[PDB]
Amino acid sequence: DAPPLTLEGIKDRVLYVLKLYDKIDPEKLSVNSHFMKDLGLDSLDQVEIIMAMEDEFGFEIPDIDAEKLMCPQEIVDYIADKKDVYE
Amino acid sequence: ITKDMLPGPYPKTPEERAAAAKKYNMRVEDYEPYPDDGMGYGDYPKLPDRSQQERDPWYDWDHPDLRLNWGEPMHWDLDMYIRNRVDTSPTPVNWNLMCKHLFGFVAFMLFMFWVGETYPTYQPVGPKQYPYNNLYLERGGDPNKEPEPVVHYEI
Amino acid sequence: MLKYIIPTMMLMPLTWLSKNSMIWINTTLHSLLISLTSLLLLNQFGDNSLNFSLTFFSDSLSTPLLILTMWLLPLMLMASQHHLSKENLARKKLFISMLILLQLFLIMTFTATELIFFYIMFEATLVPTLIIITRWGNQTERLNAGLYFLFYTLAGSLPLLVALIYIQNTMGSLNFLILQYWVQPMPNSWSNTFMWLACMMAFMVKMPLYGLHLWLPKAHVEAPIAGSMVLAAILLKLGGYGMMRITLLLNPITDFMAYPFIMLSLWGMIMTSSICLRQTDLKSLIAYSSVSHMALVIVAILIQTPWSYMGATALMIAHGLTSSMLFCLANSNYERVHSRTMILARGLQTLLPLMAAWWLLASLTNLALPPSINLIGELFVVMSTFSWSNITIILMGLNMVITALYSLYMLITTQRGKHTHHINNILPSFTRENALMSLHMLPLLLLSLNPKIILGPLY
Amino acid sequence: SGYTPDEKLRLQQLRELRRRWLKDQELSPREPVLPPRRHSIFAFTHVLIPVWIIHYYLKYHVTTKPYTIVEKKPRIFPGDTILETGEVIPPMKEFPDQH
Amino acid sequence: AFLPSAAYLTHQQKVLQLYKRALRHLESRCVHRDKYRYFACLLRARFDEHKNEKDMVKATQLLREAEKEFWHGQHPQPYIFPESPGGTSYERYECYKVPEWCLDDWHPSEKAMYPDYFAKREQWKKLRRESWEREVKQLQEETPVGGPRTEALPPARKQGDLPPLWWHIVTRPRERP
Amino acid sequence: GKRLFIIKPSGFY
Amino acid sequence: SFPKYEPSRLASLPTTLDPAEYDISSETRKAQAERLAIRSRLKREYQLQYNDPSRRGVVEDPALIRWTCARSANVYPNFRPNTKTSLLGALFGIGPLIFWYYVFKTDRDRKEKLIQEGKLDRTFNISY
Amino acid sequence: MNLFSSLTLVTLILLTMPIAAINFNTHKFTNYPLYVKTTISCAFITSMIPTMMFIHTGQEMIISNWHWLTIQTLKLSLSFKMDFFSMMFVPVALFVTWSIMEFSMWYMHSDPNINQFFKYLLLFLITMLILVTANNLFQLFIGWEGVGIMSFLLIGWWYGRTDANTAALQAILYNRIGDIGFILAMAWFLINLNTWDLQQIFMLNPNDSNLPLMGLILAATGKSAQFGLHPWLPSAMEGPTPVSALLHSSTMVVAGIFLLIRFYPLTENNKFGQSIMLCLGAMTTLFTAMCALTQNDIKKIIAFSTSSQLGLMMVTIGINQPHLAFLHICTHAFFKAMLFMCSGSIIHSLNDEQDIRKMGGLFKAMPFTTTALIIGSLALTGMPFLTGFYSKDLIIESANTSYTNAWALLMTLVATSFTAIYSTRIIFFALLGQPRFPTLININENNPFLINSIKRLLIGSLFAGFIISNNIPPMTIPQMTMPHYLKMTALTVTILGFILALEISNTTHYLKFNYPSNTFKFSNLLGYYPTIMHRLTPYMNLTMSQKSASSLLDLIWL
Ligand SMILES: CCCCCCCCCCCCCCCCCC(=O)OC[C@H](COP(=O)([O-])OC[C@H](O)COP(=O)([O-])OC[C@H](COC(=O)CCCCCCCCCCCCCCCCC)OC(=O)CCCCCCCCCCCCCCCCC)OC(=O)CCCCCCCCCCCCCCCCC
Ligand SMILES: CCCCCCCCCCCCCCCCCC(=O)OC[C@H](COP(=O)([O-])OCC[N+](C)(C)C)OC(=O)CCCCCCCCCCCCCCCCC
Ligand SMILES: CCCCCCCCCCCCCCCCCC(=O)OC[C@H](COP(=O)(O)OCCN)OC(=O)CCCCCCCCCCCCCCCCC
């Protein structure tokens with residue numbers, strides 16, 4: 001039960017979610033692709049992506065942090081903060 | 001702690017109100033006391049009676065269980081509005097509408113049980129028949145007296 | 001009783017001739033030996049009280065209060081020795097001398113054959129308690145309590161003195177043994193009404209009564225730990241002992257003079273228990289709990305049935321042990337966080353698991369968990385007051401909800417929840433503190449096995 | 001907008017310190033350094049010796065006292081044989097059969 | 001309303017939070033996933049109908065009756081995540097989150113049970129105490145007159161220094177002890 | 001592997 | 001149109017349905033900024049003492065000390081006996097005492113009258 | 001004789017021996033939960049022999065073994081009543097507790113306070129078998145308050161969480177309000193009958209017994225979560241899953257029902273007490289089953305299930321059928337403990353997920369859990385010749401054919417339909433359909449502890465009604481003659497509930513979004529009863545506890 005999360009695992013799962021998203025092409029998506037400026041998404045799309053992260057990992061990101069996560073690396077770093085990875 | 005951070009009497013002049021609002025560590029516009037009817041609250045700030053359940057949970061609190069900060073002037077009934085106790089939080093249904101639905105439901109169920117007790121349902125049978133003078137010696141009848149004959153007949 | 005008074009007095013040369021590092025050990029040892037000696041008072045009989053001399057006697061009412069009194073001194077010496085460490089040695093010996101003198105006054109207050117010797121020792125117990133509270137109370141702010149002590153002296157002990165001198169002139173004696181056989185009925189008259197108030201109001205304030213309890217959440221707060229232990233454990237019970245002696249002379253006028261004060265207690269335990277639900281101060285919460293439990297003893301003495309006296313003396317012994325342990329738990333947190341605020345240090349079961357076990361056990365005895373003698377006393381008082389009036393069970397049972405409610409709240413606030421972050425001086429439990437909690441609780445639990453020795457003279 | 005460069009720098013520095021703390025919460029292969037310290041004994045210690053104790057208690061201290069163990073007398077039917085007496089209970093009346 | 005950094009909510013933040021709460025309460029209303037995904041694109045269309053509204057007073061009013069719409073259509077018991085506040089597993093392990101300073105109160109016979117751990121904890125505490133006065137004198141020259149305006153703290157500026165007010169954030173207990 | 005240290009108060013006393 | 005939410009004493013109005021939350025004026029900016037400033041200053045004054053290694057004890061909170069001193073000490077010296085205080089101390093002070101007095105006196109007079117008339121079933125009542 | 005009383009006391013002393021073991025400890029344990037589970041298994045085996053030699057002859061007795069106190073006419077002795085109720089409840093309680101502890105060795109394995117958990121659970125078992133075997137009111141009050149306090153300590157197990165402490169204090173509050181009535185009954189029997197012993201109460205047989213039976217009905221209201229004092233049993237799902245499985249489904253919450261079944265010779269000669277029990281039980285079994293229709297936490301739904309079954313137990317006491325009510329207790333223990341165990345197996349498999357709206361697709365993922373959940377739901381609803389058929393249907397077969405409050409019967413039938421509704425609601429949202437849980441599947445159940453622990457209660461939930469109802473003697477006359485529309489009542493109403501809730505469940509796949517109705521808002525916010533009274537009654541206390549009590553009177557005027 002309760003498997004350990006790794007930055008490889010969190011990275012691969014966040015990118016696995018974003019590669020199943022029909023406004024992000026899977027060939028331009030990188031680990032530092034900014035949502036508004038580099039992938040060209042809306043703040044509505046950004047809220048849908050953070051809600052997809054909540055659907056993915058089974059917890060909630062609050063809105064004061066959901067309004068600032070603007071790359072997949074910030075998502076991986078935030079889940080690393082809230083899950084204590086690489087003990 | 002010393003005296004000039006302790007509570008005092010009711011603020012009458014506005015400069016005493018400003019000295020208290022500096023003492024209680026809040027804005028002078030928000031600082032209102034309890035009204036000086038003589039009930040002994042003193043110059044304590046009348047906070048607007050919000051339960052601590054209502055607060056921001058994701059906010060970085062000094063006291064996370066209380067949802068309270070350091071130096072913040074607490075509510076007067078802060079022991080009462082903890083999350084183990086009295087809540088004032090918003091509800092999906094209105095307060096009076098809840099009271100009306102609960103009172104109508106409870107009183108109507110009481111009235112329907114009174115109606116069903118007024119009119120009881122049963123079986124199309126006679127009474128249950130027991131031998132030996134309605135079981136007189138079994139039900140605690142004395143052995144010296146003899147009751148009336150309780151005789152049942154075939155049908 | 002002179003095999004107990006003389007060792008208690010020999011604790012004075014024992015405490016003044018002891019070496020400076022040895023004065024706690026010697027007084028604790030010899031007071032524990034006196035408390036072991038104190039079990040010879042259990043030579044009680046089903047008809048006769050144990051009558052030692054012209055001056056001292058012991059029925060089954062005075063005997064458990066004597067054993068609790070002689071047991072309370074080593075516990076007070078353990079509880080009060082930490083916060084007197086930086087004290088002067090001579091002032092420390094003065095503290096121990098005032099404790100010994102208070103025990104000396106109490107153990108011949110409870111055995112007083114004659115009632116004016118009871119009065120002298122009864123009002124003699126106030127002076128070492130006063131000096132202990134005001135010389136070692138760590139802060140003294142008594143602007144309203146001076147006028148209340150004046151009210152205690154006016155409405156209390158002085159009419160008792162004039163009334164006892166009047167009985168001395170009328171009956172010719174104040175021996176309780178003689179007054180068992182020379183008691184006249186006290187009929188309905190205004191002279192006998194002021195006679196009843198004079199005989200009762202001193203002990204009404206000593207219990208305390210609701211409305212007259214204004215001193216007790218002050219004197220418990222402004223005191224050291226030994227003072228609060230002896231106030232909760234013994235010094236309230238002088239009022240109940242004195243009522244159970246003096247209501248022999250107050251028949252049958254008590255049968256219609258009890259009706260105001262019974263109301264003052266039956267509603268009063270509804271209020272003070274509710275007051276414990278809104279206490280910021282933990283020590284004040286335990287004080288109002290003591291008022292809420294002594295209200296039942298007031299009712300049980302005033303209704304004067306056998307079941308009520310049995311329940312009242314069992315409740316007195318049980319509440320003495322329980323509330324003394326509650327004040328000791330309150331001090332075992334106050335010596336760490338240096339404030340009595342109950343919302344300051346929370347979540348202490350995360351830090352002190354065995355001490356939270358002691359908090360749980362003292363709370364369960366506080367809310368009268370059966371078969372503890374708290375519940376036996378509570379229950380017998382409730383049965384007798386049901387025989388008094390069948391409606392009072394409501395005012396009993398509602399109290400028995402709120403008595404549960406603040407008992408676990410005191411457990412939930414102090415021990416459960418999230419720990420306070422900015423408090424980092426929470427040390428582990430010293431073996432002294434756990435020994436103090438166990439020497440409270442384990443006698444209280446063993447008395448559930450054999451409760452017949454704490455059910456008074458008419459068991 | 002996201003974070004400032006100050007906030008991203010602070011989160012990166014705090015994240016490096018946090019991962020160092022969490023990695024340094026690990027254990028050594030010697031840790032914990034501990035100080036230097038019959039198939040059915042359950043049914044003997046927990047059952048059989050308590051059955052001995054409780055049988056001694058009930059046989060020589062409880063039933064030797066009056067009315068401590070009171071038992072409902074056994075249910076007597078027509079046709080039974082009494083062991084204390086030797087008396088055979090007679091049967092019931094013959095049945096007015098219904099079927 | 002009540003936030004650590006900003007003193008208010010911007011209108012953009014209010015729109016995003018109302019959209020998120022509307023979708024969450026909608027998913028509570030609309031349990032099945034394809035059904036919620038259909039109504040989720042319908043609600044995304046309803047939110048993108050007036051995405052390009054320039055008038056901030058008209059957008060304020062539209063947001064206000066959108067809050068009335070959300071309050072009229074809310075679920076009574078919405079899906080709260082278990083470790084989210086209001087959840088069933090929320091703050092469950094807080095009774096297991098012992099603060100770190102309690103390790104200082106251990107007896108040396110059990111401190112010797114984990115020698116490498118406390119031998120490293122000594123230099124952790126050493127790091128903290130030689131970082132403290134440097135980060136205090138960092139904060140005293142950057143804070144404006146009257147105290148700091150916002151609750152956010154500056155980072156470590158020099159190389160070798162540590163960020164100010166860092167020990168309880170770094171050495172906080174794990175969420176699953 | 002990856003055994004984690006459990007911070008707890010002193011159970012010695 | 002829609003049912004408007006009714007606030008109550010125990011059901012407060014939400015932050016979203018309050019109109020004054022949607023104030024955009026600069027005086028609300030000043031009030032919110034001063035509240036954020038006082039809160040940030042008190043937060044900083046707290047966590048400089050909280051994160052201090054040289055302190056090992058209790059960060060004393062004068063708002064908490066002030067709250068307890070208000071709940072205990074400030075009750076008598078700011079009392080003024082007037083119509084409101086005397087009537088409310090006579091309602092909840094000697095009201096329910098008189099109530100339970102007459103209730104229990106009535107029931108005990110009834111029970112005594114039934115006992116001295118041989119009416120009350122006191123058959124197996126030998127514990128009392 | 002010498003076998004019966006000896007093994008009777010050996011069972012209780014054997015249950016107390018691991019408490020002495022955990023209190024006399026120095027080492028770290030060689031699997032103390034296995035030791036307690038082995039002890040309770042052997043205590044089950046020990047208590048089987050007095051039950052079998054009761055089924056042989058009907059042998060009941062009293063063990064008044066230790067004289068404790070004599071208050072002048074009241075000889076309080078340590079007195080154990082071994083009758084039909086103890087002989088059927090003790091093996092069922094020990095069997096259920098043995099399955100709960102083999103469950104807990106899997107479920108509570110991550111808890112570092114596992115020895116404290118098994119200690120507290122054994123303390124609960126000891127206090128409960130003190131309750132159900134007590135011969136006087138005082139020892140029964142000991143067990144009564146004991147299961148109340150162990151309920152407190154096992155609700156507030158995660159004592160850092162605010163909601164767990166809140167629910168535990170709530171449960172203590174409602175139970176002490178029931179204790180008002182229990183102490184009222186003790187007071188009445190001591191004054192008017194000079195006894196707390198059951199034998200002198202039953203032999204004197206008072207006629208003016210309305211007031212002690214009102215006290216006992218208030219006690220069962222506080223204890224069995226009847227209407228007015230009910231919401232602590234849904235609040236008490238904040239504790240761990242084996243706590244809610246053992247205590248608050250099957251063992252503790254039947255003790256108010258057991259208190260009223262224990263006093264059946266007083267209720268059978270008081271029609272007013274029967275009518276009040278019938279009305280209160282029908283009100284509770286309506287209300288809690290109606291609240292169960294619109295909930296989404298699975299522990300809440302199964303707690304409303306067990307409180308509706310307790311209301312049905314109160315109904316069948318109220319028709320003067322106490323032995324059918326106690327057969328329903330012994331029956332209900334098996335499948336309701338198994339339903340909580342299977343729900344918690346889903347919860348632990350789905351990483352602490354309890355909300356049914358994020359479940360589904362577990363028919364083939366958790367096959368044994370799905371099998372046992374379907375068997376538990378069908379035993380709950382009254383599938384023919386499962387265990388829940390052998391009591392509950394008979395309850396309806398005596399609720400129709402008796403001189404009954406008609407509206408109580410109609411609400412009993414509406415409750416019988418609602419049981420089928422929420423049972424197939426659980427099977428719909430949790431087992432059927434397509435998955436709704438998050439993406440990292442850690443679904444697993446292949447531990448012999450979990451599988452054997454659900455397996456033995458599965459054997460119970462299949463065979464135990466047949467075995468017990470063919471091993472218990474008649475104490476009433478079973479009413480077996482009724483018309484065919486009246487014999488087929490409970491089955492048809494249950495199948496109508498299944499059909500109505502399947503139509504409700506197949507209206508959820510439709511692509512429509514309706515505004516919430518007032519019935520949905522009423523039943524989802526729990527009849528508005530925990531929303532108002534949990535705010536209003538504390539408020540009117542605590543302001544009155546501060547303004548007038550502390551500040552006005554007892555600091556200024558007096
Ligand atoms: C004269 C000879 C008599 C011999 C028999 C003994 C008679 C009773 C004596 C006293 C019994 C209690 C002793 C232990 C409690 C106090 C210390 C403590 O907390 O230890 C924890 C510790 C175990 O915990 P831990 O994990 O190691 O550390 C603590 C944890 O960190 C944190 O702790 P935790 O939270 O994990 O666990 C705490 C837990 C918490 O559990 C609870 O709170 C649950 C308790 C309430 C519900 C269950 C009980 C309900 C009532 C029914 C049972 C009683 C009647 C039964 C009779 C039949 C039915 C009528 O408490 C217990 O487990 C205690 C078990 C006993 C409880 C008794 C009832 C207390 C409730 C309040 C009063 C109720 C009415 C009065 C009862 C009187 C009984 C005689 O125990 C010990 O280390 C034992 C120390 C030695 C004990 C000696 C006992 C005898 C002392 C008397 C000396 C003189 C006579 C010589 C006899 C010597 C015999 C060896
Ligand atoms: C491993 C432990 C077991 C011990 C192993 C070593 C010894 C081997 C076994 C043999 C033991 C010795 C012989 C048997 C014991 C002695 C028998 C005997 O006559 O003893 C005298 C008496 C019997 O009572 P009695 O009737 O003779 O006298 C009572 C005393 N008077 C008359 C004054 C009131 O005492 C005992 O037996 C004590 C043991 C009692 C067991 C139960 C204790 C429960 C405690 C609960 C406290 C609270 C109660 C609340 C509830 C009350 C009711 C509602
Ligand atoms: C068969 C006959 C049936 C008769 C029925 C009629 C009689 C009984 C009437 C109902 C009485 C009980 C209901 C009222 C009190 C309920 C209090 C309670 O349970 O409070 C719970 C509350 C927390 O509840 P909740 O909101 O769910 O919390 C989770 C999220 N916050 O917790 C809190 O807020 C904490 C509050 C702590 C202080 C409590 C103060 C109130 C005390 C109430 C005592 C009531 C005594 C009644 C005595 C009756 C005597 C006859």
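For every chain, the first residue of the written sequence is numbered 1 and the count continues from 1 onward along that sequence, whatever numbering the entry uses; residues with no coordinates are hidden. Here chains are named by letter from A upward and ligands by number from 1 upward, in the order in which they appear as written. Remember that the shown chains come from a larger assembly, so read each value as a statement about the shown part. By convention in this description, side-chain values take in all heavy atoms of the structure and omit both hydrogens and water.

For this entry, the PDB record names cryo-EM as the structure determination method and reports a resolution of 2.8 Å.

Novice: Looking at this structure, how should I read the sheet that holds strand β1 (residues 69-71) of chain D?
Specialist: Within a sheet, neighbouring strands are paired by backbone hydrogen bonds and run either parallel or antiparallel to one another. DSSP calls a pair of strands paired once it identifies at least 2 bridges connecting them. In this text, helices come from DSSP runs of H or I with a minimum length of four residues, and strands from runs of E with a minimum of two, each type numbered from the N-terminal end. Taking strand neighbours across the sheet as the criterion, the 3 strands line up as β1(D)-β1(H)-β2(H) in an open arrangement whose pairing is antiparallel. Strands with a single pairing partner mark the edges of an open sheet, and in this sheet they are β1 of chain D together with β2 (74-82) of chain H. Going across the sheet, the axis of each strand differs from the next one's by a mean of 30 degrees, ignoring polarity. Of the pairings in the sheet, the one linking β1(D) to strand β1 (residues 61-71) of chain H comprises 3 bridges and is antiparallel in character. Bridge pairing links D:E71 to H:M61 in β1(H). Those strands touched by helix α2 (residues 42-62) of chain D are β1 of chain D together with β1 of chain H, and its axis lies near 65 degrees from that of β1(H). To obtain each axis, a line is fitted to C-alpha atoms, and for helices this fit is confined to the stretch in contact; angles are then taken between N-to-C directions over 0 to 180 degrees. Only heavy atoms matter for contacts: two residues are in contact if any of them lie within 4.5 Å across the pair.

Novice: I'm lost on the site of ligand 1 in this one. Help?
Specialist: Neighbouring residues of ligand 1: 30 residues in total, closest C:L360, C:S372, H:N23, H:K119 and H:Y120. Residues are classed as near a molecule or strand on a simple rule: at least one heavy atom within 4 Å of it. More than one chain lines the surroundings of ligand 1; the residues nearby belong to chains C and H. Polar contact criterion, stated in full: a pair of N or O atoms within 3.5 Å, where within protein one must be able to donate a hydrogen and the other to accept it, and residues adjacent in sequence count only if both atoms are side-chain atoms. For ligand 1, an oxygen atom lies 2.5 Å from a polar atom in the side chain of H:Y120. Per-residue and other accessible areas were derived by the Shrake-Rupley procedure at a 1.4 Å probe size, with only the shown protein chains allowed to occlude residues. The protein chains hide 64% of the 1800 Å² of surface that ligand 1 would expose on its own. Where the shell around ligand 1 is concerned, the elements lending two or more residues are α17 (353-366) and α20 (431-446) of chain C together with α4 (114-131) and α5 (137-155) of chain H.

Novice: Sorry, what's going on with the interface of chain E and chain F here?
Specialist: Frequently, the measure chosen for interface size is the accessible area that the parts lose on association. Chain E puts 13 residues into the contact, and the matching count from chain F is 10 residues. Together chain E and chain F conceal approximately 1100 Å² of surface at their shared face, both sides included; 69% is due to carbon and sulfur atoms. Criterion for a salt bridge: a side-chain nitrogen of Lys or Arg within 4 Å of a carboxyl oxygen of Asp or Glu. The interface formed by chain E and chain F includes 0 salt bridges. Amino acids outside the nonpolar list (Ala, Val, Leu, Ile, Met, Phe, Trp, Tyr, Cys, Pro) and the charged list (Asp, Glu, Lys, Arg) are all regarded as polar, and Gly is one of them. In terms of residue class, the side of chain E that touches chain F is built from 7 nonpolar, 2 polar and 4 charged. By buried area we mean how much accessible surface two parts lose on assembly, using a 1.4 Å probe and totalling the loss over both.

Novice: It is not clear to me how unusual backbone geometry should be interpreted in this structure. Could you clarify?
Specialist: Leaving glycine aside, a negative phi is the common case for residues, and trans is the common case for peptide bonds. The linkage connecting C:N251 with the following residue, C:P252, adopts the cis geometry, with an omega of -5 degrees. Relative to the elements of secondary structure, C:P252 occurs in the loop between α12 (237-246) and α13 (254-266). For the bond running from C:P370 to C:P371, omega is -5 degrees, close enough to zero to count as cis. Non-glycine residue B:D49 carries a positive phi angle of around 65 degrees. With respect to the element layout, B:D49 can be found in the loop between α1 (14-23) and α2 (95-118). When a residue's accessible area, from a 1.4 Å probe over protein chains only, is under 20% of the maximum for its type it is buried; when over 50% it is exposed; and in between it is partly exposed. Judged by relative accessible area, which is 32%, B:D49 ranks as partly exposed.

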